[PDB]
Amino acid sequence: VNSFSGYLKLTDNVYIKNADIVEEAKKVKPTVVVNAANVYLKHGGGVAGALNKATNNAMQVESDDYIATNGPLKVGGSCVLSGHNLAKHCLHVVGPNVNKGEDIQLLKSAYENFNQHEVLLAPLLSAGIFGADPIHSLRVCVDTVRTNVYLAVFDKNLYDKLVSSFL
Ligand SMILES: Cc1c(O)cccc1C(=O)N[C@H]1CC[C@@H](NC(=O)c2ccn3ccnc3n2)CC1
């Protein structure tokens, strides 16, 4: 039993809700919140911009030190950093950005990072400003993630489309 509330169950392990991931994180304080990161951990907009804003820029400060030490992530890769005031940990995961020409096959590799964590609060990878089709992202999530994932979808219209079209 966990503290996530109001989710629709899609499969044995995947749950979905129309919710602002920032507000959901602040309420649940999950062990792991997933950020829709880029390789530079520059949290300017989208989910990353919103999460970072909620940390009063502490996420960005921590991220800049991480990059200065380690260099950029790989597309499809991830790193674990602090969750600040939102979660115990933040798993920064880089889905391919379609508006940069990156291979959509890398989306499965990106979701594989979730399997290293028993339970996660997450957005749909490569959705929103990353330019991929969120219906496809949900399909890859369901077919790749085996751990327990709670997906927060900000846009109500998109949420209804995702549920109504789910196979
Ligand atoms: C006032 C304030 C603070 O004090 C601290 C932090 C943020 C805000 C603030 O202005 N929040 C607003 C409202 C929520 C917005 N969410 C998104 O853009 C977003 C995009 C994609 N997503 C996928 C799942 N969830 C997602 N959410 C961002 C703008």
# chains A, B, ... in the order shown; residues from 1 in each chain; ligands from 1
>>> residues_near_ligand(ligand="ligand 1", cutoff="6 Å", atoms="only C-alpha atoms and all ligand atoms", output="number ranges by chain")
A: 20-21, 46-47, 50, 53-54, 123, 152-154
>>> select_by_dssp(residues="chain A", states="helix (DSSP H, G or I)", output="ChimeraX atom specification")
/A:21-28,46-54,58-70,98-100,106-116,128-130,134-144,156-164
>>> closest_residue(among="A:35, A:2, A:97, A:11", to="residue A:138", atoms="only C-alpha atoms")
A:11
>>> residues_around(residues="stretch 99-107 of chain A", least_positions_apart="5", cutoff="8 Å", atoms="only C-alpha atoms", output="list in words")
residues 75, 76, 125, 126, 129, 130, 131, 132, 137 and 140 of chain A
>>> atom_distance(atom1="atom CA of residue A:147", atom2="atom CA of residue A:164")
23.4 Å
>>> residues_around(residues="residue A:33", least_positions_apart="2", cutoff="12 Å", atoms="only C-alpha atoms", output="PyMOL selection string")
chain A and resi 21-31+35-37+47-48+51+79-93+114+117-123+149-152
>>> closest_residue(among="A:60, A:144, A:159, A:165", to="residue A:16", atoms="only C-alpha atoms")
A:159
>>> atom_distance(atom1="atom CA of residue A:45", atom2="atom CA of residue A:139")
24.4 Å
>>> atom_distance(atom1="atom CA of residue A:157", atom2="atom CA of residue A:18")
9.1 Å
>>> closest_residue(among="A:68, A:8, A:73, A:145", to="residue A:116", atoms="only C-alpha atoms")
A:145
>>> select_by_dssp(residues="chain A", states="strand (DSSP E)", output="NGL selection string")
:A and (8-9 or 14-18 or 32-36 or 78-82 or 89-93 or 119-122 or 148-153)
>>> write_last_selection(atoms="C-alpha atoms", output="mmCIF file, in the first residue's frame")
data_model
loop_
_atom_site.group_PDB
_atom_site.id
_atom_site.type_symbol
_atom_site.label_atom_id
_atom_site.label_comp_id
_atom_site.auth_asym_id
_atom_site.auth_seq_id
_atom_site.Cartn_x
_atom_site.Cartn_y
_atom_site.Cartn_z
ATOM 1 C CA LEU A 8 -6.704 4.942 -12.888
ATOM 2 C CA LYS A 9 -5.052 1.518 -13.141
ATOM 3 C CA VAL A 14 1.072 1.405 -14.372
ATOM 4 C CA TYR A 15 -1.309 4.033 -12.979
ATOM 5 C CA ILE A 16 -2.346 7.407 -14.443
ATOM 6 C CA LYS A 17 -3.890 10.659 -13.225
ATOM 7 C CA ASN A 18 -4.695 14.138 -14.534
ATOM 8 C CA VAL A 32 11.392 9.073 -6.588
ATOM 9 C CA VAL A 33 10.060 11.816 -8.848
ATOM 10 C CA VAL A 34 11.135 11.616 -12.492
ATOM 11 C CA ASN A 35 12.249 14.759 -14.289
ATOM 12 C CA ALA A 36 11.934 15.186 -18.055
ATOM 13 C CA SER A 78 19.617 9.168 -16.392
ATOM 14 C CA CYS A 79 21.130 10.220 -13.111
ATOM 15 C CA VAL A 80 19.837 10.219 -9.534
ATOM 16 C CA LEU A 81 20.034 13.545 -7.711
ATOM 17 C CA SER A 82 18.266 15.071 -4.729
ATOM 18 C CA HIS A 89 15.259 11.573 -4.967
ATOM 19 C CA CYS A 90 14.855 12.971 -8.454
ATOM 20 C CA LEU A 91 15.588 10.594 -11.325
ATOM 21 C CA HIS A 92 16.570 12.882 -14.210
ATOM 22 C CA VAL A 93 15.745 10.904 -17.373
ATOM 23 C CA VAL A 119 8.001 2.986 -7.269
ATOM 24 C CA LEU A 120 8.087 6.291 -9.173
ATOM 25 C CA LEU A 121 6.018 9.388 -9.846
ATOM 26 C CA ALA A 122 6.663 10.365 -13.446
ATOM 27 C CA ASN A 148 5.273 0.583 -10.190
ATOM 28 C CA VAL A 149 4.856 3.858 -12.073
ATOM 29 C CA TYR A 150 2.355 6.621 -11.294
ATOM 30 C CA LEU A 151 2.016 8.862 -14.343
ATOM 31 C CA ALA A 152 0.942 12.482 -13.905
ATOM 32 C CA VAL A 153 -0.555 14.116 -17.000
#
>>> closest_residue(among="A:115, A:3, A:109, A:63", to="residue A:96", atoms="only C-alpha atoms")
A:109
>>> closest_residue(among="A:58, A:124, A:135, A:39", to="residue A:94", atoms="only C-alpha atoms")
A:39
>>> closest_residue(among="A:41, A:156, A:13, A:6", to="residue A:143", atoms="only C-alpha atoms")
A:13
>>> decode(residues="stretch 53-113 of chain A", atoms="C-alpha atoms", output="mmCIF file, in the first residue's frame")
data_model
loop_
_atom_site.group_PDB
_atom_site.id
_atom_site.type_symbol
_atom_site.label_atom_id
_atom_site.label_comp_id
_atom_site.auth_asym_id
_atom_site.auth_seq_id
_atom_site.Cartn_x
_atom_site.Cartn_y
_atom_site.Cartn_z
ATOM 1 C CA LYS A 53 10.981 26.446 -10.074
ATOM 2 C CA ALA A 54 9.277 24.555 -7.239
ATOM 3 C CA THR A 55 12.736 23.935 -5.684
ATOM 4 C CA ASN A 56 13.561 27.665 -5.776
ATOM 5 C CA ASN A 57 16.335 26.851 -8.338
ATOM 6 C CA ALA A 58 18.116 24.451 -5.954
ATOM 7 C CA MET A 59 17.651 21.666 -8.512
ATOM 8 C CA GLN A 60 19.482 23.767 -11.115
ATOM 9 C CA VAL A 61 22.337 24.617 -8.722
ATOM 10 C CA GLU A 62 22.819 20.934 -7.871
ATOM 11 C CA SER A 63 22.562 19.993 -11.550
ATOM 12 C CA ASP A 64 25.203 22.503 -12.649
ATOM 13 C CA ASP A 65 27.656 21.008 -10.155
ATOM 14 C CA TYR A 66 26.790 17.507 -11.417
ATOM 15 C CA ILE A 67 27.490 18.490 -15.046
ATOM 16 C CA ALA A 68 30.701 20.327 -14.147
ATOM 17 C CA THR A 69 31.973 17.104 -12.544
ATOM 18 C CA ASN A 70 30.552 14.434 -14.847
ATOM 19 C CA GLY A 71 29.726 16.001 -18.197
ATOM 20 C CA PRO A 72 26.423 15.613 -20.032
ATOM 21 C CA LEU A 73 24.112 12.656 -19.809
ATOM 22 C CA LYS A 74 23.341 10.439 -22.803
ATOM 23 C CA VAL A 75 20.011 10.627 -24.597
ATOM 24 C CA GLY A 76 18.223 7.631 -23.110
ATOM 25 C CA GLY A 77 20.245 7.916 -19.897
ATOM 26 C CA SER A 78 19.617 9.168 -16.392
ATOM 27 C CA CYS A 79 21.130 10.220 -13.111
ATOM 28 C CA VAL A 80 19.837 10.219 -9.534
ATOM 29 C CA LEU A 81 20.034 13.545 -7.711
ATOM 30 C CA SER A 82 18.266 15.071 -4.729
ATOM 31 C CA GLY A 83 14.504 15.426 -4.751
ATOM 32 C CA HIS A 84 14.832 18.651 -2.720
ATOM 33 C CA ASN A 85 11.441 19.640 -1.230
ATOM 34 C CA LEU A 86 9.522 17.476 -3.719
ATOM 35 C CA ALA A 87 10.702 13.880 -3.164
ATOM 36 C CA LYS A 88 13.532 11.934 -1.581
ATOM 37 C CA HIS A 89 15.259 11.573 -4.967
ATOM 38 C CA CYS A 90 14.855 12.971 -8.454
ATOM 39 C CA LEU A 91 15.588 10.594 -11.325
ATOM 40 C CA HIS A 92 16.570 12.882 -14.210
ATOM 41 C CA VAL A 93 15.745 10.904 -17.373
ATOM 42 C CA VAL A 94 16.569 12.095 -20.898
ATOM 43 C CA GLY A 95 13.994 11.059 -23.444
ATOM 44 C CA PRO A 96 14.710 11.879 -27.082
ATOM 45 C CA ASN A 97 13.636 15.375 -28.142
ATOM 46 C CA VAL A 98 11.852 15.120 -31.492
ATOM 47 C CA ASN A 99 12.303 18.856 -32.001
ATOM 48 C CA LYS A 100 16.097 18.069 -32.024
ATOM 49 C CA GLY A 101 15.973 15.119 -34.451
ATOM 50 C CA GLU A 102 16.756 12.438 -31.860
ATOM 51 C CA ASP A 103 15.939 8.778 -32.483
ATOM 52 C CA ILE A 104 12.541 7.853 -31.048
ATOM 53 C CA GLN A 105 13.778 4.282 -30.531
ATOM 54 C CA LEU A 106 15.760 5.821 -27.665
ATOM 55 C CA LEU A 107 12.456 6.235 -25.816
ATOM 56 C CA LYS A 108 12.498 2.591 -24.711
ATOM 57 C CA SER A 109 16.042 2.982 -23.363
ATOM 58 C CA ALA A 110 14.902 6.074 -21.444
ATOM 59 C CA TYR A 111 12.030 4.181 -19.805
ATOM 60 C CA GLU A 112 14.362 1.303 -18.858
ATOM 61 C CA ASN A 113 15.886 3.625 -16.250
#
